[PDB]
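Participant: Here is the input, now give the coordinates:
(chains A, B, C, D, E, F, G, H, I and J)
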Amino acid sequence: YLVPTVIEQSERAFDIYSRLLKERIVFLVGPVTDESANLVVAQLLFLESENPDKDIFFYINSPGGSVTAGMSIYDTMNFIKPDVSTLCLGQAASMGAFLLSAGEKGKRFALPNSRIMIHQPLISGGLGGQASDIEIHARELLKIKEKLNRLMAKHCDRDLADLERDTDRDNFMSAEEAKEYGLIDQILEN
Amino acid sequence: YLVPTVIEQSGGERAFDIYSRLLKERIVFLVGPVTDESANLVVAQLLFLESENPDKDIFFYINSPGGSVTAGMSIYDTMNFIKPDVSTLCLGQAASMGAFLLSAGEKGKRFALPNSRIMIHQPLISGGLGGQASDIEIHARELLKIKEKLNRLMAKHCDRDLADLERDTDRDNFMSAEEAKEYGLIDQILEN
Amino acid sequence: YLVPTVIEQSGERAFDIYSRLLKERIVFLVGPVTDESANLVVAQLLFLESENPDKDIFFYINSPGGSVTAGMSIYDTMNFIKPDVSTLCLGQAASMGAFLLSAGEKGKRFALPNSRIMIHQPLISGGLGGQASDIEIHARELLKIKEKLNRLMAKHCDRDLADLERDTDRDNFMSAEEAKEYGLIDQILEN
Amino acid sequence: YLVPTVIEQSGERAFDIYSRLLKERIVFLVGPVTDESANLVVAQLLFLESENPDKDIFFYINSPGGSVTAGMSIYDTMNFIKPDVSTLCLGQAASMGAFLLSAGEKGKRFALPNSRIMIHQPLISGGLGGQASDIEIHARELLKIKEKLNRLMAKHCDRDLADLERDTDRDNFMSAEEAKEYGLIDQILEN
Amino acid sequence: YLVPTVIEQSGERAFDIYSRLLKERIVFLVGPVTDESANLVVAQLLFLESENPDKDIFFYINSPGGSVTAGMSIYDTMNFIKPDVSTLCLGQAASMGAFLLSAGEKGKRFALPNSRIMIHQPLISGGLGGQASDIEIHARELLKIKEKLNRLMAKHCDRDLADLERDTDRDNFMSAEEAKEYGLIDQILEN
Amino acid sequence: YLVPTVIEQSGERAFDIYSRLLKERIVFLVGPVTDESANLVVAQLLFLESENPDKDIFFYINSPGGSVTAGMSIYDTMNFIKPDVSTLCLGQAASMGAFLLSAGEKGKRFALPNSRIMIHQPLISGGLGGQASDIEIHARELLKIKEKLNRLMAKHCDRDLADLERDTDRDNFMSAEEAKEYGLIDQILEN
Amino acid sequence: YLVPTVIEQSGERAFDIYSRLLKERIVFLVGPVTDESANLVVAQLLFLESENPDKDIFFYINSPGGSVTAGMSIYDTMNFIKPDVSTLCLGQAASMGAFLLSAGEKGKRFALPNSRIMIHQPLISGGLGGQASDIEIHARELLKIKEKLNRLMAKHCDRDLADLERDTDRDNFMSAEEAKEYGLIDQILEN
Amino acid sequence: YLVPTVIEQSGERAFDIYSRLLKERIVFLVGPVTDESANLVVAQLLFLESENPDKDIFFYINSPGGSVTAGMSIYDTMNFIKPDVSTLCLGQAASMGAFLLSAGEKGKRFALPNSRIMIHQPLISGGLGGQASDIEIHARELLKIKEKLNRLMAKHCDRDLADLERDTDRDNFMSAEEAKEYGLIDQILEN
Amino acid sequence: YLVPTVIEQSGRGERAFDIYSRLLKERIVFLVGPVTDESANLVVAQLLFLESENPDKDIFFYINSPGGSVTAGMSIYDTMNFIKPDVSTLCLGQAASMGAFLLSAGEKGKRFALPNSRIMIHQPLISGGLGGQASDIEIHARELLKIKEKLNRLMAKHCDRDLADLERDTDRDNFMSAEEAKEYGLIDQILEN
Amino acid sequence: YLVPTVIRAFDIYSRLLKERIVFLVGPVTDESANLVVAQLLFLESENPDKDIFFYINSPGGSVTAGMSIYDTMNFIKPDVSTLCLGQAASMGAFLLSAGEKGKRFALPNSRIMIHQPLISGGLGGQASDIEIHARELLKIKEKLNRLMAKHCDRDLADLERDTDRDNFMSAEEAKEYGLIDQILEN
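Facilitator: Residues are numbered from 1 along each chain as shown, chains lettered A, B, ... in the order given. Structure as follows:
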């Protein structure tokens, strides 16, 4: 894709995403990979240094992705001093919904027709080799499953038992249902 | 493709690619399929243009066969959220989510060119339906909710009953610019 | 594979070993249940009823599952024909294989001691493409099949429909003893 | 697949199990309807009429559908030959399989209790490429086939053409009971 | 496919069902017309003339078309051999299949009521690559074949060459009634 | 390909050679007409109108055709914008390329002496799969496009709609002189 | 393909239809000429000479061509064996197929009325890779084969070598009448 | 492969060499253990018990392993049938092949002097995709199979379960002497 | 490939060019490799640009091409004949098929070849596939024959030969040395130093 | 690959072109040969009298592409010195021997291979087409051997023997043969 170039008056020419980063807007678009997550981490670290007090706006339009990649974003969001506000555009599914709920409490938003989906993790990696190797990877996946449900329950002010029920299979929610659930705080209109 | 470079005269000169030059005139293009990446560029441009001037109209030129519903909804909610009116224009074709975003323009400012083709239809797969019957039931229910949401928003855009959109989006409904104007998808047809 | 040839004493008649066992009223369902493998079972069940409508038919099952419609052709043939169809689980009876195993005549459903029996809700009976109206239709048909299978399984096992709905939600693996306690089989053979 | 061999008592004659069932006037249509599978059905129907023009022919159907022209060769052969062709649905009779099922002699169209019968308008009878003039021709031919199928189905089911046009618009799945109420089959076999 | 075996009473002789029908002077052309499928038809036509030069040969056609040269080997064999070759359209007779259908003995060309008959100008008889001189040669040969086919079709149908040139320009689909009115077939069979 | 860089004297400004020609109001349509290549033409036409609404725009066409909707975005932009869009055929203008060539301002449609101009009815504007109801819809839409193109072509050429319907039935290749006599272009350039 | 079985009256003997025609001294060359298909022809020609060295052998040709060396094994066998080898063109005799057709006994080379006979210089008898020294060798060998084929063709046709060199330069398609006038065949069969 | 034919003196009867050895109560398990290869072993074991329930059956194993469920069908058949099943390792008995080797009748488990016997924990009995709940289920089932195999192996070898858990952790290759000392086989044959 | 950057010397300053843009400044246009819509349109764009810079000075068209599309080559051909400045053509390595056509299309007296260049002329191959129905194949065969005659006629005009000579000589691939092409009439001179 | 930048900022190959060094690396194609021709033409204009240094590390390539370089080398006024780095095989060895006599160099462990040409193009189609392409390949084979014999001051019969199959030579053997004039050490 051709990323448009915009001019900032101060003149400085930016691509439109660097221009929005100047306004403390970080985009997570598409699958969460090592490379896309590290760009988010790099932007979060950079924005904290520019101003540790001003809010960072984390715009999420993602179907999910790697858990470890999403956890690098998650720990960076919680570590850095400035509040990270999260906004759901289009969809926040799987780790995208996790990072959406991971925003600062009171500053988690979704657009009115966005779709938010939460579910237990799939394969974090293949389970081949010997039964001893498969047992190890199964145990690690169960630990990740419990860790995700526990952190989700903390984000949503719900019991761990509620998240274990609701993440068993793909749980699709409107913006209103996610607000009632505890994934987001407000729904934006204008 | 090689995107041509054009020179803007100012108070000096600035070299733009022709799409950045048109963005300076508040023209946003949605060309080809609606994807996460192409929709987020539209959202980024809509957000940028609101800050440049919240009062001036934004011109959203659509030549798209459709695409992802969630991607199109990111554009749709951005269009409705931002303060400036988003005028929409159909070039060549506005099909599926392209027709949805066309009808989503500000009422009175939805346009189409005389030989454009506008097609509305119920959504297809928003994603595969594999796995167990319990998983397939969930994805079928989610697709039906999306189908109802799209028909409901389309009926609101067109000032028609939900029952009308449910009939007309059952199978691919192709419309000329005149038929789309009579239907309620667009307001005017441009000639000169 | 080369199927061995055996000689039946009567004069002599040369059989492949599977036709020789069919002479003893033994029908094998081995591997996936397809239109072709299910119709061979149906053809053998129909043939054996004509040979002797009173003698038991022995249906040996070693199958991971397969098509529901193909398995239903076997299922209805088993219930229709006059002779009792005894079922035996060798190696495994999974999905429609477990359904056909439980479909044997009550009191004559067997499993070998180290066999594995797995029951679960059906997967795709066919793709769900096309328009949302087509996907709704195929989703409704799959749900009807899911309910029909759970209802027939509950009848076979003398259990409530609610029990089968819980237990077939995800792949439910059972030993021969667990399947006997569940109600899928009646006896476990040893010698 | 290995087709079992069975012995007919008469001296003795060794048959594969399908030739043995053909001796009992049982013709199988299993799997997709192709030129080759349909011509085998036609060859068997013609052969059975010569053997005995008065005795019923039993046409066992377990088919997801197939070619319309191939199914029409079976259909016209069924109507042409003197002996009644009874039809039985095993597992499934979908698309042209449901058409041939309903095409059986009125009063002798059967289905097994858990069989699935699906009727729908035809899909591509062939690709629609080339120029718009070629595409117009193939679209017109497909519409003529669509009307011909709905008209013959309405005749089989004693229903109005308007009913079949509604009900074949999208995949219409029916249980054996629903197909009996619809008019596709006459009876449901149990024992 | 498994071709069924049938027993002819005479002692007994076991035939596959197609060899049994060849004994009744029935030759099948099923599927595409290839060098191998056409030569089998030629071999059967030559064999049947030797068995009885006076009795009619019944040529059952269910074919979408195929090679022109392959179809011409059948065509010239049909016209050469002394016995009349009656032709019957089952399912479909398209392209060279419709040509061979119309090539039957006048008065003995039949079609089943729901058969589909399609006539059209030939497509590529072979690729047109190489140099412009090679392409000119292959284009001229294709035009000669096109004229030869239209001329022979016009002779079969008792129509003017100009009529066949119009009607074979694009795929011309015909019902059995339209083909009878056109002149491709003489009668439509019902019972 | 490496696009050469040229220097414009004014100070100096470095352009790629296509941006340099756009400065002279020359827009190129080279290769197939796609959504992306058509939108670049539209973007250039819109940009050039704003630079000068009164000066002619020179639209150089070397295209085998492409998407109808993509070509219609160019077509409506050409007719909408105030400045005359002169069209020139280089190498070839086929299908939508010939349509856009004839779409130039009357009196300003040009072709080079050895250019090739081809007009024809549209092919597939999209696949025709799915159910017969879907195929009927896409066939009707293609026929509407076919009539719209022939009607607009007849308007461009000052000919009757019946003439364009004959001449676009199959690929109609024309020299620059034949296209001038037909009405697709107004003049042929030499020097 | 399923090759039909026919019964020869003598007791009875069951043949496949090609072995039955070989009993009548009919040898078929159908499809491309390969090492395996040519050696079968050679084996049949050698066998038929042993059965009766005086009776004619009928060589039916329906072939697009093939290997030159494979065709030469047939050619030398035809000329070596004592009985005359009559040749008949069915459908087509192209390339080495036309060579073997013209290679029949003078006065006994036939073609059916709508057969197509094509003569041309050979293509690659094998790839020409490796070094320029290897390519020179293979080019020289191909030229020797080209001259040998034209020389033998000119002998068969009672024409000058210069005539065959002109006429085999590019694909030369001939009707049965043109091949008779050329000298490739002696008679055209009708009835 | 071409399986040789041998003649048994009795009159004479022609066998393939494997059916001839089955007459001597020799059953071969060669190559991977699949549903089809295991069911042939089961069919042969069942057949041999019927022929003589008292005489030993000789089970020759040359297998790298295979499916656990397939191997369990053989295993339960070996233990169920009345006659002792002696096992012999030729070349190799690995994974389920070593399990079935150790499964022979105690005192009658043999290996050739240079055979290789390998025991190890099972690998994937099936993929572990889907959701974490599905992966947990398949992991639990694999662990149950792992424990069942080690428990049965420990019983065969007269060793503690803890010994087999250590030794099957990774691929444990053993000579015939090491397998005899371990308890997998009883004797090593030389002459 | 990495295209080298060269520095053009001007008044107290330096303009950096890639080496092909630097040669275009000297009115040198390259046609290298197959003739496609994109490569031919670049040649046309350069020919149009060079006419505007100076419609009197010769344009040097360096050709190293095995051939390509006829319509693409015709866009170059008509541009060469239209624009006012003479287009001199030079054969480097090879000028085959449409490459030889464009070589012979240079201004008479200014068509050159290097001493070991190879020039090949032949009738066109497929200008496009010939599928579909026999009516479609007849149309495409007729169009190919018209192109074949047009190419031979223009070649005969370039070479001052009879149309019958070009019809013989383009029947199959006719390879020529620079000397044979000069004697034939495809080029005027052979450069050495 | 990332081409380093050296100090105006040049990539390292444009910097060496400023020193009149032209590289032919890898197979000889239409595009790689035309870059060499463009550089040779450019350098003649920058200075028609100064030597051009043509560094060759090539396994061979197209004959017509190599001939465009060859004729450009002989045409332009400045001497083109050639240096073999790593290897000069097939047309690479031809262009190496094509350097100005007395200025053809090779590095001590370079490998130089001469051989008759392979396919200059496929030989499909009809026997008449194959005869034409075989004749053209033989003319190219004779032209290459004749030009090689001229470069090496040897008889045409010597090159016809020695190029029959792949003839690998050390730098010393190529110097004795006549392909190069000197071997560089320091």
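Participant: What is the neighbour count of residue A:143?
Facilitator: Look at residue A:143: counted by other C-beta atoms under 10 Å in any protein chain shown, it has 10 neighbours. All C-beta spots, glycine's among them, are computed from the backbone N, C-alpha and C.
Participant: mind listing the strands in chain A by residue range?
Facilitator: Applying DSSP state E to chain A gives strands spanning A:5-8, A:12-15, A:25-29, A:56-62, A:84-93, A:108-110, A:115-118, A:171-173, A:186-187.
Participant: so what's the spatially most central residue of chain A up against?
Facilitator: By C-alpha atoms, centre = their mean, chain A has its centre lying nearest to residue A:99, at 2.3 Å. Each residue near residue A:99 by C-beta atoms under 8 Å, 6 or more residues apart in numbering or on different chains is listed here: A:28, A:32, A:58, A:60, A:62, A:70, A:73, A:74, A:77, A:86, A:92.
Participant: Repeat that for residue A:47.
Facilitator: By C-beta under 8 Å, 6+ apart, the neighbours of residue A:47 are A:21, A:24, A:26, A:56, A:80, A:82.
Participant: Give the ChimeraX command for selecting the buried subset of those.
Facilitator: Under the burial definition 16 or more other C-beta atoms under 10 Å in any protein chain shown, those of these that qualify are selected in ChimeraX by:
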select /A:21,24,26,56,80,82
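Participant: Show me which of the contacts of residue A:47 is closest to chain F.
Facilitator: Closest to chain F out of these is residue A:21 (26.6 Å), distances taken as C-beta to the nearest C-beta.
Participant: For that closest one, which non-adjacent residue is spatially closest?
Facilitator: Nearest residue to residue A:21, sequence neighbours excluded (C-beta to C-beta, 6 or more residues apart in numbering or on different chains): residue A:43, at 6.1 Å.
Participant: Now do the closest residue to chain H within chain A: how many residues are near it, please.
Facilitator: For chain A and chain H, the shortest gap (C-beta to the nearest C-beta) falls at residue A:138, measuring 3.5 Å. Using other C-beta under 10 Å, residue A:138 is surrounded by 22 other residues.
Participant: give me the residue from chain A nearest chain F.
Facilitator: Here chain A gets closest to chain F at one residue, residue A:2, 9.7 Å apart by C-beta to the nearest C-beta.
Participant: Report the contact partners of that residue.
Facilitator: Contacts of residue A:2 (C-beta under 8 Å, 6+ apart): B:3, B:17, B:19.
Participant: For the second one, give the beta-bridge partners.
Facilitator: Pointing back at residue B:17 there. residue B:5 (DSSP bridges).
Participant: is it true that the residue of chain A closest to chain H touches residue A:127?
Facilitator: Yes: using C-beta atoms under 8 Å, residue A:138 is in contact with residue A:127, at 6.6 Å.
Participant: just to revisit the earlier point, of the contacts of residue A:99 - the most surrounded one?
Facilitator: residue A:92 (33 neighbours).
Participant: Could you check how far that one is from chain G?
Facilitator: Look at residue A:92 and chain G: by C-beta to the nearest C-beta, to the nearest Å, they are 59 Å apart.
Participant: isn't that residue right up against residue A:58?
Facilitator: No: between residue A:92 and residue A:58 there is no contact under C-beta under 8 Å: 10.6 Å.
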